[PDB]
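Chemist: One structure coming up, written as structure tokens, with questions to follow.
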Amino acid sequence: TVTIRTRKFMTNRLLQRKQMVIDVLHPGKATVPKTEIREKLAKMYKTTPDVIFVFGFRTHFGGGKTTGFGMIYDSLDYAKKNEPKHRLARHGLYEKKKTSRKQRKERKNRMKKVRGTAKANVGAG
Amino acid sequence: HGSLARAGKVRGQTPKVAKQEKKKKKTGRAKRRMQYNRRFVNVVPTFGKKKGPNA
Amino acid sequence: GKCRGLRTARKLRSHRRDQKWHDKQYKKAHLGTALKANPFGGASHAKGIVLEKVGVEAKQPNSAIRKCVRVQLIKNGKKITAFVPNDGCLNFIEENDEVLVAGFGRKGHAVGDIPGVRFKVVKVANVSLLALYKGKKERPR
Amino acid sequence: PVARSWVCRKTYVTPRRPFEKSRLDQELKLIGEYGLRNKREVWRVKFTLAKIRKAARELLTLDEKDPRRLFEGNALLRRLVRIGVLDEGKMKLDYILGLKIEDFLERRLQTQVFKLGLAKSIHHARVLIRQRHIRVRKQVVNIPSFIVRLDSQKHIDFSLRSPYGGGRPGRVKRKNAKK
RNA sequence: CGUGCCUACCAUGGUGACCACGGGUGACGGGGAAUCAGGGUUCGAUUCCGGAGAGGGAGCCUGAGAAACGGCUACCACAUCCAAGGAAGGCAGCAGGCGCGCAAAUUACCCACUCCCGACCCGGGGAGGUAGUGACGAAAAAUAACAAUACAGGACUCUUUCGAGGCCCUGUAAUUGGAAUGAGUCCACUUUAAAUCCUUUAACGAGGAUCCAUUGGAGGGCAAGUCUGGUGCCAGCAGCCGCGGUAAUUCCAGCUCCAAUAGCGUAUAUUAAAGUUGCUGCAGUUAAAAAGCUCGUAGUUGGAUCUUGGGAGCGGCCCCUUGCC
Ligand SMILES: [Mg+2]
Ligand SMILES: [Mg+2]
Ligand SMILES: [Mg+2]
Ligand SMILES: [Mg+2]
Ligand SMILES: [Mg+2]
Ligand SMILES: [Mg+2]
Ligand SMILES: [Mg+2]
Ligand SMILES: [Mg+2]
Ligand SMILES: [Mg+2]
Ligand SMILES: [Mg+2]
Ligand SMILES: [Mg+2]
Ligand SMILES: [Mg+2]
Ligand SMILES: [Mg+2]
Ligand SMILES: [Mg+2]
Ligand SMILES: [Mg+2]
Ligand SMILES: [Mg+2]
Ligand SMILES: [Mg+2]
Ligand SMILES: [Mg+2]
Ligand SMILES: [Mg+2]
């Protein structure tokens, strides 16, 4: 049904990564999701799906092509190393657990006021 | 000098008339279409001594 | 008649910079007395407070009793004879209300029917006088 | 501070004399002839023709053997040919000035639909180009103010749509009413 | 570091009618912005560069770099807690509050992008980026559209046709559909640091109670009524000319039109028109304007005269004056 083709293709052997521009054509239904595009690209590259990422998607005003940037690696350790934590957050490899405003800054001020043992008492709890 | 009691005399003593149920008007491109087809398709039997956009 | 040499441009700019003041528009635009003499401080609009309601007379060929409002300003603190625009609005302007005022058609001259009124009421107590003349936006009190 | 974009171009010129009876009749017959919405998109075409005339008079001011004149004139003639106003014949600069307002309205989208079928009454062709039912190429066109280039000039289509593309937009209402 | 930057002595110099000096600026300077012949005119606080200030001005440690202010010291004006003996302050940073006003937004999220800083691949950043208000302004852009049936108001090809209509707008509060498509209602996507919107898509989703286009005008300038009813120099309209005093082409309303159109009126500053600031490009007998006359400084302007015809080679160099040796 869908047709996935890479237009531009580069290889950076310094990180063992392969960058590509991916166009997924749709003469039919809606935008095929992240997981399904990832699985089809993993089947077309004939490796494990947990090493290939993709980011960004467009739509050319009525069916048409959807354009993104795909990253094929060769190691899950290299994926943990050379990728940001928010692009690991699509699969949940990193969790921050404090996505809150003013908590860090109020702990900064409560450490800025007192010093030493009282600072370790107040700022760490 | 003059009296200040006569304010809005004509607006008060004018008898009110209810606005009738006018049908809706085609607007925009449709309005320019009817403006073209009102004064550019069937005007040529008339003569220049008289003009009738309102009477 | 003129001065038409190659080194006469200082004489030209001197004569032109002198004779440019005799135009009325240039001197009323670039002389400070037309800012420190007029009201509004050289602005577009001004708020004010109703002091009294005056029935002024019209000119010689037109016999009418125009309705004006004497307005104490807030910005400068002057007194301005404003003007009630429409057929009514004398009953819509009460005593000591916030009144926005503007010009008629020109800063200097006035309208040829009212003798000494340069200014016009636009709002009455933060609700527009067009709404007070129409049906919508009835007055608070 | 912020740095994103700041630009302001007006393809919109209100004329000086507001109410001329001959000019208002000319603009009304132009709208009724080429199927337009309002007079600002007549003033668009008038301003673009005026700007092309400004460029043409600026080129004709220059000396004939000037390389900037030759480059800019050849580029302007190439752009006018690829639009489709001029021909592959007269490549002079006075032939640019010898034009009319109606040529760009002819080279707009729906007038090419009038010249190449599936139009059916330009006031309905407005609807046919607004609703996705006339498709110059695989990139779908949704815009009435579309200058059709002469290099393709023939691609009029529609895919995955109502009359031939396929689908039940509101005939399922009629089928559920009968059933 | 060179400097009258400062001191001692000596000389009397320095600037100016080509406008110094002294005032005013509702004056931060530029790149630029608006205004369409050309020439000009008016703004530029504002996102890029440079200068100045952190309530006023004075002084200073540290430091390579500060007379620093999200550093310190003292005075003045405010102003906080005070058990009254003392501490403590600077939003012309980001929000927000009062006041001033004609006049100008939320105590939002994130360091994901851009970069910056530090011992440093890891931390921080109201610098920034995203979202909320937003009709300052700019670009695209539906508003009931649309093709058909029929009454024909009839225009038009042609035959005495009082019509044969493979062509035409129009009222049809008359029908038929494509049941066109959009706005909204919402599933799933996608965007994204996490989200929102556009975009993709499933399902609802118009037939006049519809899902409703306003803003101004209709005497001339300037498009549109010598329509109807009241008002009868009263109310008022009208930026000017003017209308209204019983038959209102201008008031109020109704109907119908017209102007532009999801941007219209209004006020103000400004530009063009304004050849009504004139260098291009204005005038000076009478319309506003040539000093009573003359001399004369500064300024402005200032007669002619000193390189000439031609040669080589056709369909650019020199001589008969043409780089000095
Ligand atoms: Mg006036
Ligand atoms: Mg001395
Ligand atoms: Mg210009
Ligand atoms: Mg110019
Ligand atoms: Mg400097
Ligand atoms: Mg400083
Ligand atoms: Mg302050
Ligand atoms: Mg600072
Ligand atoms: Mg501060
Ligand atoms: Mg009126
Ligand atoms: Mg009327
Ligand atoms: Mg007229
Ligand atoms: Mg007016
Ligand atoms: Mg004159
Ligand atoms: Mg006389
Ligand atoms: Mg005289
Ligand atoms: Mg004389
Ligand atoms: Mg002399
Ligand atoms: Mg001479």
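Scheme for the structure tokens: letters A, B, ... for chains in order shown; per-chain residue numbers from 1; ligand numbers from 1 in order shown.
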Report as a PDB file with N, CA, C and O atoms (P, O5', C5', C4', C3', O3' and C1' of nucleotides), in the first residue's frame which protein, DNA and RNA residues come within 12 Å of ligand 2, using only C-alpha atoms (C1' of nucleotides) and all ligand atoms.
Modeler:
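New file out-v2.pdb:
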ATOM      1  P     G E   4      51.078  69.494  26.454  1.00  0.00           P
ATOM      2  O5'   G E   4      50.377  70.911  26.596  1.00  0.00           O
ATOM      3  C5'   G E   4      49.010  71.064  26.240  1.00  0.00           C
ATOM      4  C4'   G E   4      48.114  70.948  27.443  1.00  0.00           C
ATOM      5  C3'   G E   4      46.791  71.678  27.313  1.00  0.00           C
ATOM      6  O3'   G E   4      45.823  71.039  28.143  1.00  0.00           O
ATOM      7  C1'   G E   4      48.103  72.706  28.995  1.00  0.00           C
ATOM      8  P     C E   6      44.673  70.877  32.565  1.00  0.00           P
ATOM      9  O5'   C E   6      45.622  70.565  33.796  1.00  0.00           O
ATOM     10  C5'   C E   6      45.090  70.218  35.063  1.00  0.00           C
ATOM     11  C4'   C E   6      46.203  69.976  36.040  1.00  0.00           C
ATOM     12  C3'   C E   6      47.192  71.124  36.176  1.00  0.00           C
ATOM     13  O3'   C E   6      46.763  72.132  37.073  1.00  0.00           O
ATOM     14  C1'   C E   6      48.374  69.112  35.821  1.00  0.00           C
ATOM     15  P     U E   7      47.232  73.652  36.853  1.00  0.00           P
ATOM     16  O5'   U E   7      48.733  73.677  37.386  1.00  0.00           O
ATOM     17  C5'   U E   7      49.023  73.399  38.748  1.00  0.00           C
ATOM     18  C4'   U E   7      50.504  73.255  38.989  1.00  0.00           C
ATOM     19  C3'   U E   7      51.360  74.456  38.630  1.00  0.00           C
ATOM     20  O3'   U E   7      51.327  75.475  39.612  1.00  0.00           O
ATOM     21  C1'   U E   7      52.383  72.483  37.819  1.00  0.00           C
ATOM     22  P     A E   8      51.468  77.013  39.177  1.00  0.00           P
ATOM     23  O5'   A E   8      53.015  77.181  38.837  1.00  0.00           O
ATOM     24  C5'   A E   8      53.986  77.254  39.869  1.00  0.00           C
ATOM     25  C4'   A E   8      55.371  77.451  39.309  1.00  0.00           C
ATOM     26  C3'   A E   8      55.531  78.601  38.326  1.00  0.00           C
ATOM     27  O3'   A E   8      55.733  79.843  38.974  1.00  0.00           O
ATOM     28  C1'   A E   8      56.531  76.652  37.437  1.00  0.00           C
ATOM     29  P     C E   9      55.218  81.205  38.300  1.00  0.00           P
ATOM     30  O5'   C E   9      56.205  81.431  37.072  1.00  0.00           O
ATOM     31  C5'   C E   9      57.561  81.794  37.284  1.00  0.00           C
ATOM     32  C4'   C E   9      58.354  81.736  36.005  1.00  0.00           C
ATOM     33  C3'   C E   9      57.863  82.624  34.875  1.00  0.00           C
ATOM     34  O3'   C E   9      58.273  83.973  35.005  1.00  0.00           O
ATOM     35  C1'   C E   9      58.335  80.466  34.038  1.00  0.00           C
ATOM     36  P     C E  10      57.359  85.155  34.413  1.00  0.00           P
ATOM     37  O5'   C E  10      57.508  85.017  32.831  1.00  0.00           O
ATOM     38  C5'   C E  10      58.747  85.282  32.190  1.00  0.00           C
ATOM     39  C4'   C E  10      58.753  84.809  30.757  1.00  0.00           C
ATOM     40  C3'   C E  10      57.711  85.425  29.845  1.00  0.00           C
ATOM     41  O3'   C E  10      58.057  86.725  29.414  1.00  0.00           O
ATOM     42  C1'   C E  10      57.816  83.090  29.471  1.00  0.00           C
TER      43        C E  10
END
Chemist: Taking a cut-off of 6 Å and counting only C-alpha atoms, can you build a table that, for each residue of chain B near chain D, reports the nearest atom pair and how far apart they are in Å (one decimal), sorted by chain then residue number, as CSV?
Modeler:
residue,atom,partner,partner_atom,distance
B:29,CA,D:37,CA,4.2
B:33,CA,D:32,CA,6.0
B:36,CA,D:32,CA,5.4
Chemist: Taking N, CA, C and O atoms for each residue, export the selection above as a PDB file, in the first residue's frame.
Modeler:
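Listing of part28.pdb after writing:
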ATOM      1  N   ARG B  29     -18.117  37.141  -4.328  1.00  0.00           N
ATOM      2  CA  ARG B  29     -18.017  36.780  -5.738  1.00  0.00           C
ATOM      3  C   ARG B  29     -19.398  36.679  -6.370  1.00  0.00           C
ATOM      4  O   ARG B  29     -19.592  37.088  -7.519  1.00  0.00           O
ATOM      5  N   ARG B  33     -20.892  38.939  -9.305  1.00  0.00           N
ATOM      6  CA  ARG B  33     -21.515  38.259 -10.434  1.00  0.00           C
ATOM      7  C   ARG B  33     -22.879  38.858 -10.756  1.00  0.00           C
ATOM      8  O   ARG B  33     -23.193  39.104 -11.928  1.00  0.00           O
ATOM      9  N   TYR B  36     -22.398  42.347 -12.277  1.00  0.00           N
ATOM     10  CA  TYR B  36     -22.084  42.272 -13.699  1.00  0.00           C
ATOM     11  C   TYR B  36     -23.318  41.912 -14.517  1.00  0.00           C
ATOM     12  O   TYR B  36     -23.612  42.552 -15.535  1.00  0.00           O
TER      13      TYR B  36
END
Chemist: Name the closest residue to residue A:54 among the candidates A:97, A:107, A:29, A:34; distances are taken between atoms, counting only C-alpha atoms.
Modeler: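 Distance minimum relative to residue A:54 lands on A:34.
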Chemist: Residues contacting ligand 6 - anything with an atom at most 12 Å away, using only C-alpha atoms (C1' of nucleotides) and all ligand atoms - can you give me those as a PDB file with C-alpha atoms (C1' of nucleotides), in the first residue's frame?
Modeler:
ATOM      1  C1'   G E  51      27.445  55.745  22.446  1.00  0.00           C
ATOM      2  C1'   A E  52      25.142  56.855  27.426  1.00  0.00           C
ATOM      3  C1'   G E  53      22.549  55.266  32.222  1.00  0.00           C
ATOM      4  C1'   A E  54      20.847  51.694  35.981  1.00  0.00           C
ATOM      5  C1'   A E  66      34.302  48.516  35.879  1.00  0.00           C
ATOM      6  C1'   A E  67      34.326  54.577  38.123  1.00  0.00           C
ATOM      7  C1'   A E  68      30.452  48.046  37.510  1.00  0.00           C
ATOM      8  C1'   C E  69      25.416  48.926  40.155  1.00  0.00           C
TER       9        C E  69
END
Chemist: How would you write, as a PyMOL selection string, the set of residues no farther than 12 Å from ligand 4 when counting only C-alpha atoms (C1' of nucleotides) and all ligand atoms?
Modeler: chain E and resi 34-41+271-272
Chemist: Output N, CA, C and O atoms (P, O5', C5', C4', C3', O3' and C1' of nucleotides) of each residue in that selection to a file, as a PDB file, in the first residue's frame.
Modeler:
ATOM      1  P     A E  34       8.830  51.527   3.136  1.00  0.00           P
ATOM      2  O5'   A E  34       7.874  52.792   3.262  1.00  0.00           O
ATOM      3  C5'   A E  34       6.737  52.756   4.110  1.00  0.00           C
ATOM      4  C4'   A E  34       6.157  54.132   4.312  1.00  0.00           C
ATOM      5  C3'   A E  34       5.803  54.897   3.050  1.00  0.00           C
ATOM      6  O3'   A E  34       4.559  54.504   2.499  1.00  0.00           O
ATOM      7  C1'   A E  34       6.990  56.312   4.516  1.00  0.00           C
ATOM      8  P     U E  35       4.420  54.236   0.922  1.00  0.00           P
ATOM      9  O5'   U E  35       4.369  55.693   0.289  1.00  0.00           O
ATOM     10  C5'   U E  35       3.404  56.637   0.725  1.00  0.00           C
ATOM     11  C4'   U E  35       3.828  58.043   0.396  1.00  0.00           C
ATOM     12  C3'   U E  35       4.021  58.343  -1.078  1.00  0.00           C
ATOM     13  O3'   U E  35       2.798  58.607  -1.740  1.00  0.00           O
ATOM     14  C1'   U E  35       5.848  59.206   0.160  1.00  0.00           C
ATOM     15  P     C E  36       2.621  58.224  -3.288  1.00  0.00           P
ATOM     16  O5'   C E  36       3.620  59.215  -4.031  1.00  0.00           O
ATOM     17  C5'   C E  36       3.701  59.259  -5.444  1.00  0.00           C
ATOM     18  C4'   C E  36       4.911  58.516  -5.942  1.00  0.00           C
ATOM     19  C3'   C E  36       5.270  58.750  -7.399  1.00  0.00           C
ATOM     20  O3'   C E  36       6.019  59.935  -7.604  1.00  0.00           O
ATOM     21  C1'   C E  36       5.264  56.429  -6.957  1.00  0.00           C
ATOM     22  P     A E  37       5.568  60.986  -8.731  1.00  0.00           P
ATOM     23  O5'   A E  37       6.646  60.810  -9.892  1.00  0.00           O
ATOM     24  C5'   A E  37       6.677  59.636 -10.690  1.00  0.00           C
ATOM     25  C4'   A E  37       7.639  59.775 -11.837  1.00  0.00           C
ATOM     26  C3'   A E  37       9.031  60.265 -11.477  1.00  0.00           C
ATOM     27  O3'   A E  37       9.873  59.221 -11.020  1.00  0.00           O
ATOM     28  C1'   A E  37       8.213  61.480 -13.332  1.00  0.00           C
ATOM     29  P     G E  38      10.791  59.425  -9.718  1.00  0.00           P
ATOM     30  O5'   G E  38      11.830  60.552 -10.148  1.00  0.00           O
ATOM     31  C5'   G E  38      12.816  60.300 -11.138  1.00  0.00           C
ATOM     32  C4'   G E  38      13.441  61.583 -11.621  1.00  0.00           C
ATOM     33  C3'   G E  38      14.000  62.486 -10.534  1.00  0.00           C
ATOM     34  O3'   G E  38      15.303  62.110 -10.123  1.00  0.00           O
ATOM     35  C1'   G E  38      12.639  63.759 -11.971  1.00  0.00           C
ATOM     36  P     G E  39      15.638  61.949  -8.562  1.00  0.00           P
ATOM     37  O5'   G E  39      15.668  63.447  -8.023  1.00  0.00           O
ATOM     38  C5'   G E  39      16.558  64.401  -8.579  1.00  0.00           C
ATOM     39  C4'   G E  39      16.123  65.809  -8.268  1.00  0.00           C
ATOM     40  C3'   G E  39      15.978  66.145  -6.796  1.00  0.00           C
ATOM     41  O3'   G E  39      17.210  66.410  -6.157  1.00  0.00           O
ATOM     42  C1'   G E  39      14.078  66.909  -7.946  1.00  0.00           C
ATOM     43  P     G E  40      17.365  66.111  -4.588  1.00  0.00           P
ATOM     44  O5'   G E  40      16.690  67.375  -3.899  1.00  0.00           O
ATOM     45  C5'   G E  40      16.101  67.277  -2.614  1.00  0.00           C
ATOM     46  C4'   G E  40      14.664  67.728  -2.639  1.00  0.00           C
ATOM     47  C3'   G E  40      13.930  67.650  -1.311  1.00  0.00           C
ATOM     48  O3'   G E  40      14.145  68.804  -0.519  1.00  0.00           O
ATOM     49  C1'   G E  40      12.617  66.649  -3.009  1.00  0.00           C
ATOM     50  P     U E  41      14.439  68.676   1.052  1.00  0.00           P
ATOM     51  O5'   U E  41      13.035  68.260   1.672  1.00  0.00           O
ATOM     52  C5'   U E  41      11.925  69.140   1.616  1.00  0.00           C
ATOM     53  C4'   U E  41      10.692  68.486   2.176  1.00  0.00           C
ATOM     54  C3'   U E  41      10.866  67.832   3.536  1.00  0.00           C
ATOM     55  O3'   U E  41      10.753  68.755   4.602  1.00  0.00           O
ATOM     56  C1'   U E  41       9.755  66.340   2.074  1.00  0.00           C
ATOM     57  P     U E 271       5.028  66.974   5.433  1.00  0.00           P
ATOM     58  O5'   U E 271       4.929  65.965   4.209  1.00  0.00           O
ATOM     59  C5'   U E 271       5.977  65.049   3.942  1.00  0.00           C
ATOM     60  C4'   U E 271       5.586  64.076   2.862  1.00  0.00           C
ATOM     61  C3'   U E 271       4.973  64.688   1.617  1.00  0.00           C
ATOM     62  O3'   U E 271       5.934  65.224   0.728  1.00  0.00           O
ATOM     63  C1'   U E 271       3.680  62.835   2.303  1.00  0.00           C
ATOM     64  P     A E 272       5.561  66.493  -0.183  1.00  0.00           P
ATOM     65  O5'   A E 272       4.660  65.881  -1.343  1.00  0.00           O
ATOM     66  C5'   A E 272       5.205  64.970  -2.285  1.00  0.00           C
ATOM     67  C4'   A E 272       4.137  64.426  -3.195  1.00  0.00           C
ATOM     68  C3'   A E 272       3.255  65.468  -3.860  1.00  0.00           C
ATOM     69  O3'   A E 272       3.842  65.980  -5.042  1.00  0.00           O
ATOM     70  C1'   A E 272       1.913  63.744  -2.936  1.00  0.00           C
TER      71        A E 272
END
Chemist: Compute the chain A side of the contact with chain E at 8 Å, counting only C-alpha atoms (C1' of nucleotides), and hand it back as number ranges by chain.
Modeler: A: 29-33, 56-63, 86, 101
Chemist: Could you please take those selected residues and save N, CA and C atoms as an mmCIF file, in the first residue's frame?
Modeler:
data_model
loop_
_atom_site.group_PDB
_atom_site.id
_atom_site.type_symbol
_atom_site.label_atom_id
_atom_site.label_comp_id
_atom_site.auth_asym_id
_atom_site.auth_seq_id
_atom_site.Cartn_x
_atom_site.Cartn_y
_atom_site.Cartn_z
ATOM 1 N N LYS A 29 -4.732 6.151 2.667
ATOM 2 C CA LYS A 29 -5.183 6.525 4.001
ATOM 3 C C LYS A 29 -4.250 7.519 4.680
ATOM 4 N N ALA A 30 -4.405 7.665 5.992
ATOM 5 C CA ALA A 30 -3.784 8.741 6.757
ATOM 6 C C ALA A 30 -2.276 8.532 6.900
ATOM 7 N N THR A 31 -1.653 9.404 7.690
ATOM 8 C CA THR A 31 -0.220 9.334 7.940
ATOM 9 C C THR A 31 0.110 8.078 8.735
ATOM 10 N N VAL A 32 0.907 7.202 8.134
ATOM 11 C CA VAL A 32 1.344 5.961 8.783
ATOM 12 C C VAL A 32 2.221 6.307 9.981
ATOM 13 N N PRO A 33 1.975 5.721 11.162
ATOM 14 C CA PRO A 33 2.656 6.188 12.376
ATOM 15 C C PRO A 33 4.144 5.873 12.461
ATOM 16 N N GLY A 56 10.833 13.887 12.627
ATOM 17 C CA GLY A 56 10.239 14.879 11.754
ATOM 18 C C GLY A 56 9.366 14.254 10.688
ATOM 19 N N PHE A 57 8.182 14.813 10.445
ATOM 20 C CA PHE A 57 7.339 14.369 9.344
ATOM 21 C C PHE A 57 6.533 15.545 8.817
ATOM 22 N N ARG A 58 6.454 15.642 7.496
ATOM 23 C CA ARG A 58 5.678 16.656 6.800
ATOM 24 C C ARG A 58 4.508 15.991 6.085
ATOM 25 N N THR A 59 3.728 16.800 5.369
ATOM 26 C CA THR A 59 2.645 16.298 4.532
ATOM 27 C C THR A 59 2.394 17.311 3.426
ATOM 28 N N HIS A 60 2.443 16.856 2.177
ATOM 29 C CA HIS A 60 2.405 17.758 1.026
ATOM 30 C C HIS A 60 0.989 17.994 0.505
ATOM 31 N N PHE A 61 0.080 18.357 1.417
ATOM 32 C CA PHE A 61 -1.229 18.963 1.131
ATOM 33 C C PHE A 61 -2.111 18.058 0.263
ATOM 34 N N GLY A 62 -2.471 16.925 0.850
ATOM 35 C CA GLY A 62 -3.407 15.999 0.244
ATOM 36 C C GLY A 62 -2.746 14.707 -0.171
ATOM 37 N N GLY A 63 -2.838 13.699 0.698
ATOM 38 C CA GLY A 63 -2.118 12.448 0.504
ATOM 39 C C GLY A 63 -0.627 12.703 0.423
ATOM 40 N N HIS A 86 15.675 13.035 24.865
ATOM 41 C CA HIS A 86 14.287 13.145 24.439
ATOM 42 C C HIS A 86 13.988 12.261 23.236
ATOM 43 N N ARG A 101 8.628 23.272 36.879
ATOM 44 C CA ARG A 101 9.162 24.622 36.956
ATOM 45 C C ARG A 101 9.314 25.031 38.417
#
Chemist: For the contact check between chain E and ligand 19, emit one row per residue of chain E within 12 Å, containing the shortest atom pair and the distance in Å rounded to one decimal, counting only C-alpha atoms (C1' of nucleotides) and all ligand atoms, chain then rising number order, as JSON lines.
Modeler:
{"residue": "E:301", "atom": "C1'", "partner": "ligand 19", "partner_atom_place_in_ligand_line": "1 (Mg)", "distance": 11.9}
{"residue": "E:302", "atom": "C1'", "partner": "ligand 19", "partner_atom_place_in_ligand_line": "1 (Mg)", "distance": 8.1}
{"residue": "E:303", "atom": "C1'", "partner": "ligand 19", "partner_atom_place_in_ligand_line": "1 (Mg)", "distance": 6.9}
{"residue": "E:304", "atom": "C1'", "partner": "ligand 19", "partner_atom_place_in_ligand_line": "1 (Mg)", "distance": 7.3}
{"residue": "E:305", "atom": "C1'", "partner": "ligand 19", "partner_atom_place_in_ligand_line": "1 (Mg)", "distance": 9.5}
Chemist: Show me, as a tab-separated table, the residues of chain E having an atom within 6 Å of chain C, each with the closest atom pair and its distance in Å, using only C-alpha atoms (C1' of nucleotides).
Modeler:
residue	atom	partner	partner_atom	distance
E:102	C1'	C:45	CA	4.6
E:233	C1'	C:63	CA	5.2
E:236	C1'	C:87	CA	5.9
E:239	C1'	C:105	CA	4.4
E:267	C1'	C:102	CA	5.4
E:268	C1'	C:44	CA	4.4
Chemist: Name each residue within 12 Å of ligand 15, counting only C-alpha atoms (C1' of nucleotides) and all ligand atoms, as JSON, numbers by chain.
Modeler: {"E": [285, 286, 287, 288, 289]}
Chemist: Contacts of residue D:121 at 10 Å or less, counting only C-alpha atoms (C1' of nucleotides), minus same-chain residues fewer than 3 places along, as an MDAnalysis selection string?
Modeler: (chainID D and resid 35 114 118 124:126) or (chainID E and resid 146:147)
Chemist: Give the residues close to ligand 7, within 12 Å, counting only C-alpha atoms (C1' of nucleotides) and all ligand atoms; write them as a PyMOL selection string.
Modeler: chain E and resi 53-56+78+90-92
Chemist: If you run DSSP on this backbone, which residues of stretch 17-106 of chain C come out as helix (DSSP H, G or I), and could you give them as a list in words?
Modeler: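 Secondary structure check on stretch 17-106 of chain C, helix (DSSP H, G or I): residues 17, 18, 19, 24, 25, 26, 27, 28, 29, 30, 33, 34, 35 and 36 of chain C.
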Chemist: Mind dumping the selected residues with N, CA and C atoms as a compact mmCIF listing (two decimals), in the first residue's frame?
Modeler:
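The resulting selection-v9.txt:
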# COMPACT_ATOMS: atom_id res chain seq x y z
N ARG C 17 15.75 79.10 3.90
CA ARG C 17 15.51 78.83 5.31
C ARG C 17 14.90 80.04 6.01
N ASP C 18 15.17 81.25 5.51
CA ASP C 18 14.49 82.43 6.03
C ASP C 18 13.06 82.53 5.51
N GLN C 19 12.87 82.41 4.20
CA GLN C 19 11.56 82.59 3.60
C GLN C 19 10.62 81.40 3.78
N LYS C 24 2.27 79.51 6.56
CA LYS C 24 1.59 79.30 7.84
C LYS C 24 1.80 77.89 8.36
N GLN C 25 1.82 76.91 7.46
CA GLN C 25 1.88 75.51 7.88
C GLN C 25 3.24 75.17 8.49
N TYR C 26 4.32 75.70 7.91
CA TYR C 26 5.66 75.42 8.42
C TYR C 26 5.86 76.03 9.80
N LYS C 27 5.37 77.25 10.02
CA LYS C 27 5.57 77.86 11.32
C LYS C 27 4.64 77.28 12.38
N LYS C 28 3.42 76.87 12.01
CA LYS C 28 2.58 76.21 13.00
C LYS C 28 3.00 74.77 13.24
N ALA C 29 3.81 74.18 12.36
CA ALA C 29 4.31 72.84 12.59
C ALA C 29 5.66 72.82 13.29
N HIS C 30 6.47 73.86 13.13
CA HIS C 30 7.81 73.87 13.70
C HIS C 30 8.05 75.08 14.60
N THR C 33 4.75 77.53 19.84
CA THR C 33 3.55 78.17 20.36
C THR C 33 2.28 77.43 19.95
N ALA C 34 2.32 76.70 18.84
CA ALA C 34 1.20 75.87 18.42
C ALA C 34 1.15 74.54 19.15
N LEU C 35 2.06 74.30 20.09
CA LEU C 35 2.00 73.17 21.00
C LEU C 35 1.76 73.60 22.44
N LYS C 36 2.31 74.74 22.85
CA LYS C 36 2.09 75.25 24.19
C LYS C 36 0.92 76.24 24.26
Chemist: Please write out the residues within 9 Å of ligand 17 as a PyMOL selection string, counting only C-alpha atoms (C1' of nucleotides) and all ligand atoms.
Modeler: chain E and resi 290-293
Chemist: Store the residues picked out above in a file with N, CA, C and O atoms (P, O5', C5', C4', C3', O3' and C1' of nucleotides), as a PDB file, in the first residue's frame.
Modeler:
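See selection00.pdb below for the written result:
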ATOM      1  P     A E 290       7.536  96.118  -1.499  1.00  0.00           P
ATOM      2  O5'   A E 290       7.932  96.258  -3.033  1.00  0.00           O
ATOM      3  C5'   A E 290       9.031  95.529  -3.565  1.00  0.00           C
ATOM      4  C4'   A E 290      10.201  96.431  -3.854  1.00  0.00           C
ATOM      5  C3'   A E 290       9.909  97.582  -4.809  1.00  0.00           C
ATOM      6  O3'   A E 290      10.770  98.677  -4.501  1.00  0.00           O
ATOM      7  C1'   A E 290      11.527  96.163  -5.768  1.00  0.00           C
ATOM      8  P     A E 291      10.279  99.858  -3.528  1.00  0.00           P
ATOM      9  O5'   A E 291      11.458  99.996  -2.466  1.00  0.00           O
ATOM     10  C5'   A E 291      11.836  98.896  -1.645  1.00  0.00           C
ATOM     11  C4'   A E 291      12.507  99.354  -0.376  1.00  0.00           C
ATOM     12  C3'   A E 291      13.005 100.793  -0.402  1.00  0.00           C
ATOM     13  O3'   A E 291      12.851 101.394   0.880  1.00  0.00           O
ATOM     14  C1'   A E 291      14.832  99.325  -0.059  1.00  0.00           C
ATOM     15  P     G E 292      12.001 102.749   1.018  1.00  0.00           P
ATOM     16  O5'   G E 292      12.495 103.631  -0.213  1.00  0.00           O
ATOM     17  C5'   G E 292      11.582 104.096  -1.198  1.00  0.00           C
ATOM     18  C4'   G E 292      12.142 105.284  -1.936  1.00  0.00           C
ATOM     19  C3'   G E 292      13.527 105.101  -2.539  1.00  0.00           C
ATOM     20  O3'   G E 292      13.490 104.494  -3.819  1.00  0.00           O
ATOM     21  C1'   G E 292      13.468 107.106  -1.301  1.00  0.00           C
ATOM     22  P     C E 293      14.704 103.571  -4.324  1.00  0.00           P
ATOM     23  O5'   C E 293      15.894 104.590  -4.585  1.00  0.00           O
ATOM     24  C5'   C E 293      15.855 105.507  -5.665  1.00  0.00           C
ATOM     25  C4'   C E 293      17.017 106.462  -5.598  1.00  0.00           C
ATOM     26  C3'   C E 293      18.393 105.820  -5.588  1.00  0.00           C
ATOM     27  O3'   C E 293      18.850 105.447  -6.873  1.00  0.00           O
ATOM     28  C1'   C E 293      18.279 107.450  -3.887  1.00  0.00           C
TER      29        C E 293
END
